[PDB]
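Heads up, the chain shows up twice below as structure tokens, two forms, tagged structure 1 and structure 2.
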Structure 1
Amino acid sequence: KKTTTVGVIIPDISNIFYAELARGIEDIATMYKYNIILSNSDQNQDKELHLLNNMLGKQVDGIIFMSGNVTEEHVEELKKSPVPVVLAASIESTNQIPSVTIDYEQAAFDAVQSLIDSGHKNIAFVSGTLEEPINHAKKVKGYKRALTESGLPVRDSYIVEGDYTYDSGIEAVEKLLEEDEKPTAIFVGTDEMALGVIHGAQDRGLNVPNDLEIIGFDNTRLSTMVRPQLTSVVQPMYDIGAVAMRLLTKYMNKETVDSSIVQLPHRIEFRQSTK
């Protein structure tokens, strides 16, 4: 009855992050002789739902799903599915569907808190599209709690967003230094914006970590391709990939799921963007 082909809906594989994850998937879906049928959605809520139909229709043992925002509706439709579905590096507040991720809010805290320890007054935050549950509902909080927990002014102007592009990461550094009270340490929601933050902050004639210290996320390889070398919160994309499929393998070959709601370990890799 089955097809030996699991489907995967990703936003855009021309992205280090999503592709890095697609590779974890592959390798394991391979290990269990399952073909994959990849398709991008460019984070389009409509195309996302549609893609899910087409794929379900063409009979697929399972489905992997990634989105920056799992809509309240997505859950309705992804519940009415006929086959196992597990989310990867994407979250939804009810846990009706399996999902392998990292403990986000924690790492966001652990990092900001690492700077408080370092002895910092004004900590800033440069995140991405606030409308994404993973951001405003998880990473931002962490940043705030890490602060409110040490009694520091939770300043709505110290959090400035941008898309996940290196370019944006530079503007934020400018709009941030535009402040009367300049930050001395910046936490960035992700590696590539963090690179833009270094540069943008350097062009103004400041030093890293000498002046402001920075800390990224994902620990992608761009983390090493800078000067100084970016300190990043580690998120194992390939692992999120691997484990995301593997758990699907269990759900599909009917083994026994210890927990369908997973959350692999995380840490910080202290390089030089922070002394």
Structure 2
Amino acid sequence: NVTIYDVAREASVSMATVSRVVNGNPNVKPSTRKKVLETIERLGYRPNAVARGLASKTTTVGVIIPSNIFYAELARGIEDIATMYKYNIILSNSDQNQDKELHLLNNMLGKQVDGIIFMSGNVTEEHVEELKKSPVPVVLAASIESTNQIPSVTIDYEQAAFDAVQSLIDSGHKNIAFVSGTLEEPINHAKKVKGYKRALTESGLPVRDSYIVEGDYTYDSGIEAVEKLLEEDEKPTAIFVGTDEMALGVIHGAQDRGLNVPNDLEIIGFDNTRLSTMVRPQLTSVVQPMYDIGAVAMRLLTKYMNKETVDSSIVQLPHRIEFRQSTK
């Protein structure tokens, strides 16, 4: 676990000075000795290599993650398998794709065995090519790429969309819109949009291009997008929304236009964020099983880092929908 280097950093001296103190050099300022000795005791540094190696090794895993809540459960899920697998977790918050890609080349100088679990809200194509570099195998969690060379553990977004929209239809709505995150992202253009379309097709419903409004993942775009849809000639009576945060906007814009949300306009969102229970018509919304996704992820990774069979990439766990008050 612990090197000369670790000690020298911690006591703010050079490696050569930690050795000097390890070797009992007598002309080391004794304040220096003192601090270097306490750092040694404190960190648990042994000067004997055969002992230092004996206390250590064991198979470790980097985890790159944006950590509010639905992120936390994904963590717990990973942590819980590391724990019984007796592996170790390097966790690290990264948000900016610049922060994201450093962490990659970053913990990429990891340690014994090694492998990496990655989760981002979308994919850099850069990202698809840095993953492929790293010798250690990478598993995507709650992240897709269309780059289906990267093993991924997620829900079925397209079916989850489909399922979100189906409940609207089962409830009598003909005129149902979608409010998406940035379409460029495959969660959107390639899944929730498909599932939304298909839900409409399979019940022989019109698939208007104007019922599909693109937001930016903020609460406002959410608000803007309702303004737009509410200006349509025949207005939607129900709206699927690609994330919760935008959906709070959509409920609120409607409530600002005098519309009762269940009664004039049913709304459903995605992920089951803290916010879904922080609006008043409480947002019925799609629950990913994030604990499982991180667990199953960690296992997947493991079956790679050990080199074995089974199907990757297409690991899709089930989702469900928490029906709350923003549907009838």
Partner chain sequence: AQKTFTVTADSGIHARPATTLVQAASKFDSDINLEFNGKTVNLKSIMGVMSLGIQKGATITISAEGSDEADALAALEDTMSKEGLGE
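Rigid core (definition): largest C-alpha set, two forms, superposition within 1.5 Å. Quick note, the numbers are simply positions in structure 1, starting from 1.
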Practice task
Look at both copies of the chain and name the one that is the form deposited with its partner chain bound.
Solution key: 1
Practice task
Answer yes if the CA of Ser67 moves 2 Å or more between structure 1 and structure 2 after aligning the rigid core, and no otherwise.
Solution key: yes
Exercise for the section: Superpose the two forms on their rigid core, then report whether the C-alpha of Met31 is displaced by 2 angstroms or more between structure 1 and structure 2. Expected result: yes
Practice task
Inspect the rigid-core superposition and answer whether the C-alpha of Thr249 shifts by 2 angstroms or more between structure 1 and structure 2.
Solution key: yes
Exercise for the section: Could the core-superposed CA displacement of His50 between structure 1 and structure 2 be given in angstrom, to one decimal? Expected result: 9.2
Exercise for the section: For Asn40, give the CA shift between structure 1 and structure 2 in Å, the superposition being done on the rigid core. Expected result: 6.8
Handout entry: For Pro265, CA displacement between structure 1 and structure 2 after the core is overlaid, in Å
Key = 1.7
